[PDB]
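# Survey of secondary and tertiary structure
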Amino acid sequence: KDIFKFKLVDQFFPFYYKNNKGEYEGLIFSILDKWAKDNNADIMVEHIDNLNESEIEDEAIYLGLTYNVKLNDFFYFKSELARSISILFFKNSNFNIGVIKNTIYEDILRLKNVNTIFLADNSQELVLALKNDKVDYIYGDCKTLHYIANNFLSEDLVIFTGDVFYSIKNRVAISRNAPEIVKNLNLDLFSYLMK
Amino acid sequence: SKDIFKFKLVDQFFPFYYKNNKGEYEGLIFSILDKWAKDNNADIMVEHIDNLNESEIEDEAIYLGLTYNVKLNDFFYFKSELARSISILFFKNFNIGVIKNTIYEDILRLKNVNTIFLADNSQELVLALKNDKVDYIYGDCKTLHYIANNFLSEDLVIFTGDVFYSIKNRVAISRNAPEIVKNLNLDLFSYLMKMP
Ligand SMILES: [Mg+2]
């Protein structure tokens, strides 16, 4: 009956990602299908590389966003998916650090007064920036960035051992101007992972 | 007197600790443990072990990389949560491989899987898949995938079927541990600063 739009942002292993062979992978559809049946509804899935405040769809449910001062004005963050850990990577003095824009990782670097921040639109772009030595470090998701890096880089990634490790919540997000029916949805997708 | 405590890092646990190409251990756990050490006014010793041998269990040691298991529960007390994982059935491009004495083993026995191949550690487990000793492996989503992808040039495929459990990774100490260890606050996760 009802049809709800889900938006997958960038990449988020293991929920959704692009493998070495360029094939879209993930178990998110398995979860969304189960959520759909429980809610007696159909779903539309859209994938977006980078989020823009001007292109926000009020009725859509966003996955793969993290808390960000800019995005907080537009979104309500609800149920948690898997958690992540922020890591600063470099390839195996003055410097510059790559980071995906409008993410919690950007805000972390900003409040640390890092002024040589290189803003990438997505994970792939960020990794390629490191490849072509546009940046000396990249900052972001522990597994997803490491994974994409190993797909494009010939050099191994190394972890920068400093005070840069934070526990990151990856939550489901809806527009603050979402219809009441969306706002009343149970969006605890993580509950479909029994324990 | 500043106390000294031994931490045993079992197998591999991405991104807390894992093997790189140089035969060394990379990870962020070492940073966390140094922080924990400062607040508890103590020194620390880190030792890596691939397998968990009952004969080699040290009562004074604090164990990381263990999950709740019917067999280990009779030897360890599982304490604070360090991180979470998702159980995934992996395959390349029917017997199932799984690390012995893990929560993952129990799951397969509860689901009444007939042909269970037991591995001692993640490295052995993923090697069994690579060498076609097993058709599927079951375990940690990040770690098993990392090893296969970085050491064996194998990008493992996730089994779509309903086999996804939320797994808690906890700190564990021996049942016969010293009183000085039992009194420790082993909330290592708290030393990972949270978002606001
Ligand atoms: Mg596929």
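Residues numbered from 1 in each chain as written, not as in the entry; some residues may be left out. Chains lettered and ligands numbered in written order. Heavy atoms only, no water. Residues with missing side-chain atoms left out of burial classes, pairs and counts.

Let us look at the pairing of strand 5 (residues 62-66) of chain B. Residues and elements named next belong to chain B. Burial within strand 5 is extensive, with four of its five residues counted as buried. Pairing geometry for strand 1 (residues 3-10) and strand 5, over three bridges, is parallel. Each residue of the ladder has a partner; that of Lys8, found in strand 5, is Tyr63. Bridge count between strand 5 and strand 11 (residues 166-174): three bridges; the pairing is antiparallel. Bridged to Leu66 within strand 11 is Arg170. (Buried < 20%, exposed > 50% of the residue type's maximum accessible area, 1.4 Å probe, protein only. Helix = DSSP H or I, 4+ residues; strand = E, 2+ residues; numbered from the N terminus. Pairing = 2+ DSSP bridges.)

Residues and elements named next belong to chain A. Burial analysis of strand 9 (residues 137-141) places four of its five residues in the buried class, which makes it a mostly covered element. Examined bridge by bridge, strand 6 (residues 75-91) and strand 9 share four bridges and lie antiparallel to one another. The partner of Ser86 across the bridge, within strand 9, is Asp141. Inspection of the sheet shows strand 7 (residues 97-100) paired to strand 9 by three bridges, in the parallel sense. Bridged to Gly98 within strand 9 is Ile138.

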